[PDB]
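S.K.: sequence below, structure please.
(7 chains, ligands or ions: 1)
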Amino acid sequence: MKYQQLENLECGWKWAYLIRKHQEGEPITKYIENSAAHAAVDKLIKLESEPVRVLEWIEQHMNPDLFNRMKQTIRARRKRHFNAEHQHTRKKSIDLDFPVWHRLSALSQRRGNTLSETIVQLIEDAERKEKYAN
Amino acid sequence: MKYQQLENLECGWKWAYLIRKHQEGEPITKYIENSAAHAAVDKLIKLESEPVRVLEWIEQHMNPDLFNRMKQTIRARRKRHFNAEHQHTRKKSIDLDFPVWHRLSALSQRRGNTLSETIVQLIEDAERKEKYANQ
Amino acid sequence: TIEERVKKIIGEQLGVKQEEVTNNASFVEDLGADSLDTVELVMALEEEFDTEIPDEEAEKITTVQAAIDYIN
Amino acid sequence: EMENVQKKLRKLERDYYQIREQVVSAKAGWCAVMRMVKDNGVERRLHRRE
Amino acid sequence: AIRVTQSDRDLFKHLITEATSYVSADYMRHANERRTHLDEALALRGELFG
DNA sequence: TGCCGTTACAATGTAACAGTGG
DNA sequence: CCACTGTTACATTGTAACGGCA
Ligand SMILES: *P(=O)(O)OCC(C)(C)[C@@H](O)C(=O)NCCC(=O)NCCS
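M.R.: Numbering: from 1, shown residues only, chains lettered A, B, ... in the order given. Coordinates below:
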């Protein structure tokens, strides 16, 4: 356990995620009958502003197949929330043309390094080549 | 014009964009009164299966703020949709740590080329070393 | 495995049944693959195992058994 | 010098790989579609040569 | 009865014609570009080998 | 094993720059 | 000039797959 978990924050995250999924059409609840599903969704909607009861709501009506996805989404949300405080711990997202990405991933898989490590090593070698020439 | 403009597709894109924006809570309408805004949104909802009238709904009730974001988003969506046909024209999204990205962006701004071009030059120097080693 | 990756490639590049593609099943007569179809089949076989084949030695391949024989 | 030439050779190799993969993917998709239209909607209804 | 049957016939006709129009066009497109890409790829392959 | 960090993506939205033609 | 388009460099959120550890 590296990042401390805060209930009033992660519960709001879970509520927002479930509301988003419901608005997206995902079946939040395990009830195939539409009446029970709608009733549970209404309970959730009126359940806003409550961690201790949204957790119970999840335990009681949550769709079995979404547990893993919700858990990993909350994991990622927690990690990003804690890393977004400092500049050096943040992550920069870019888009690479498919050939360039293909070659870079080929190198990374070949050497066992990650994309960041592979690019760092390559840049260091480029600098070393510059110094060699210079 | 490099990408063919299709009316019945861009209209659907625009309608979906408006609906998504509204359900996110933003004021797509130009009306400050609640009743007129609600009526305009309801009419837009009715316009789901008629993308052609969506242009007119835009000209009548779309918030003046959104022209730039609208024209940006649909343009980008068109580019991506036409590039997605072939792999060699697709784009790949990757995430980089701040130190690594800082160094890479500084190098690219030094060489005056895009990130992909800088990576191409770098990987090409590495592959030149590998090639010379192989011969 | 190679001996079943070959069937995977042949069936999904010619659309014929897995049962149809036996070791001795010739492409043109059994599987029905014509000029361009056989060209695409050999191209896919090249792609699967990330290798290259000579033109003449490739065109010599005209059967599942020959295909595997050159692949393995 | 030979290395310099092999660089262009490798460039052409990458180009050929790209084209070959594209064509192979297209053929695989076409075959899958043909096998999904065994419902007899393809003989004339889908294949309008006009 | 006449009204219902006419509506059914019109709906069937329109649906079928529009679905065929929507699908066959892209199908023929994909076929044409597949042929063109194969033609393009052969020359690259031939040059590469030598 | 199940949780927890971590990576490598995918999909969509935006700002900013560079081109193009009316 | 001005508008509209193409492109790059991000952000934002979600997900699957590894691998560490109780
Ligand atoms: P199918 O009867 O359409 O025949 C196709 C083909 C065998 C002619 C074709 O795939 C092909 O091989 N074309 C190139 C022939 C050749 O050897 N050219 C030299 C290199 S360009």
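
S.K.: quick check, central residue of the chain?
M.R.: In the absence of a named chain, this looks at chain A. Residue closest to the average C-alpha location in chain A (CA atoms, centre = their mean): residue A:76, at 3.3 Å.

S.K.: not quite, I wanted chain D
M.R.: residue D:23 (1.1 Å).

S.K.: what residues sit buried inside whatever helix or strand that one lives in?
M.R.: Assigning secondary structure by DSSP states H and E places residue D:23 in helix D:2-36. By 16 or more other CB atoms under 10 Å in any protein chain shown, the buried positions in helix D:2-36 come out as D:15-24, D:26-28, D:30-31. Heads up, the C-betas are built off the backbone N, CA and C, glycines and all.

S.K.: that helix near the ligand anywhere?
M.R.: No. Using CB under 6 Å from any ligand atom, we find that helix D:2-36 stays clear of the ligand, coming within 11.2 Å at best.

S.K.: does any part of that helix sit near chain B?
M.R.: Yes. Applying CB under 8 Å from any CB of the partner chain, one finds helix D:2-36 touching chain B at D:2, D:3, D:6, D:7, D:10, D:18, D:21, D:22, D:25.

S.K.: now the element after the helix or strand residue A:56 falls within, going C-ward?
M.R.: Per DSSP H and E: residue A:56 is located in helix A:51-61. The C-terminal neighbour of helix A:51-61 among helices and strands, as given by DSSP H and E, is helix A:67-83.

S.K.: run the angle between that next one and helix A:51-61 for me.
M.R.: Interaxial angle, helix A:67-83 versus helix A:51-61 (axes from the mean of the first three to the mean of the last three CA atoms, to 10 degrees): 160 degrees.

S.K.: ok, residues contacting helix A:67-83?
M.R.: A:3, A:5, A:9-10, A:13-14, A:17-18, A:58, A:62, A:89-91 (CB atoms under 8 Å, 6 or more residues apart in numbering or on different chains).

S.K.: can you check stretch E:5-21 too?
M.R.: Against stretch E:5-21 from outside (CB under 8 Å, 6+ apart): D:45, D:46, D:48.

S.K.: pull out the buried residues from it.
M.R.: Going through stretch E:5-21 with 16+ other CB under 10 Å, nothing comes out buried.

S.K.: for stretch A:69-79, same thing?
M.R.: Neighbour-count burial for stretch A:69-79 [16+ other CB under 10 Å]: A:70, A:74, A:77, A:78.

S.K.: out of the residues you listed, who's nearest chain C?
M.R.: residue A:70 (35.8 Å; CB to the nearest CB).

S.K.: so how far is residue D:21 from the residue in chain C that DNA strand F sits nearest to?
M.R.: Going by CB to the nearest atom of the strand, DNA strand F is nearest to residue C:50 of chain C, at 18.1 Å. For residue C:50, the distance to residue D:21 equals 11 Å [CB to CB, to the nearest Å].

S.K.: quick one, what contacts the residue of chain E found nearest chain A?
M.R.: Proximity of chain E to chain A (CB to the nearest CB) peaks at residue E:44, 15.4 Å away. Residues near residue E:44 by CB under 8 Å, 6+ apart: D:12, D:15, D:16, D:19.

S.K.: SS state for the residue nearest to the third one when sequence neighbours are not counted?
M.R.: Put plainly, it is residue D:16. Nearest residue to residue D:16, sequence neighbours excluded (CB to CB, 6 or more residues apart in numbering or on different chains): residue E:44, at 4.4 Å. The three-state assignment at residue E:44 reads helix, by DSSP: H, G, I helix; E, B strand; the rest coil.

S.K.: residue contacts, the nearest residue to residue A:18 once chain neighbours are set aside?
M.R.: Computed as CB to CB, 6+ apart, the closest residue to residue A:18 that is not its neighbour in sequence is residue A:28, at 5.6 Å. By CB under 8 Å, 6+ apart, residue A:28 lies in contact with A:18, A:21, A:22, A:37, A:40, A:41, A:44, A:61, A:62, A:63, A:66.

S.K.: recalculate using a threshold of 6 Å.
M.R.: Contact analysis of residue A:28 by CB atoms under 6 Å, 6 or more residues apart in numbering or on different chains lists A:18, A:21, A:22, A:63.

S.K.: most surrounded residue in these?
M.R.: residue A:18 (24 neighbours; other CB atoms under 10 Å in any protein chain shown).

S.K.: from DNA strand F, how far out is that one?
M.R.: Look at residue A:18 and DNA strand F: by CB to the nearest atom of the strand, to the nearest Å, they are 17 Å apart.

S.K.: ok, residue E:24 next?
M.R.: Residue E:24 is 26 Å from DNA strand F, by CB to the nearest atom of the strand.

S.K.: wasn't that residue part of a helix?
M.R.: Yes. Assigned with three-state DSSP, residue E:24 falls within a helix.

S.K.: so how many other residues sit close to it?
M.R.: Around residue E:24 there are 18 residues (other CB under 10 Å).

S.K.: nearest residue to it other than its sequence neighbours?
M.R.: residue D:48 (4.6 Å).

S.K.: so which strand or helix has residue A:26?
M.R.: Going by DSSP H and E, residue A:26 is not in any helix or strand.

S.K.: same thing with residue A:93?
M.R.: Secondary structure (DSSP H and E) places residue A:93 in strand A:91-97.

S.K.: can you check residue A:10 too?
M.R.: Going by DSSP H and E, residue A:10 is in helix A:7-23.

S.K.: is stretch A:50-64 in proximity to DNA strand F?
M.R.: No. Using CB under 7 Å from any atom of the strand, stretch A:50-64 stays clear of DNA strand F, coming no nearer than 11.5 Å.

S.K.: list the contacts of that stretch.
M.R.: A:7, A:8, A:11, A:15, A:27, A:28, A:29, A:30, A:40, A:44, A:47.

S.K.: alpha carbons of that stretch, in CSV - could you do that?
M.R.: Taking Å, rounded to 0.1, in the frame of the first residue of the first chain, the C-alpha atoms of stretch A:50-64 are listed here in CSV:
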residue,chain,number,x,y,z
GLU,A,50,-22.9,9.7,0.9
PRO,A,51,-19.8,7.5,1.1
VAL,A,52,-20.9,5.1,3.9
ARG,A,53,-24.1,4.3,2.0
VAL,A,54,-22.8,4.3,-1.6
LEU,A,55,-20.4,1.6,-0.5
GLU,A,56,-23.3,-0.5,0.8
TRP,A,57,-25.3,0.2,-2.4
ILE,A,58,-22.3,-1.2,-4.4
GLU,A,59,-22.2,-4.2,-2.1
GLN,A,60,-25.9,-4.9,-2.6
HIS,A,61,-26.9,-4.1,-6.2
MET,A,62,-23.7,-3.7,-8.2
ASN,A,63,-23.4,-5.7,-11.4
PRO,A,64,-21.0,-8.7,-10.8
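
S.K.: ok, and for it, which residues are buried?
M.R.: Quick answer for stretch A:50-64 (16+ other CB under 10 Å): A:50, A:51, A:54, A:57, A:58, A:61, A:62, A:63.
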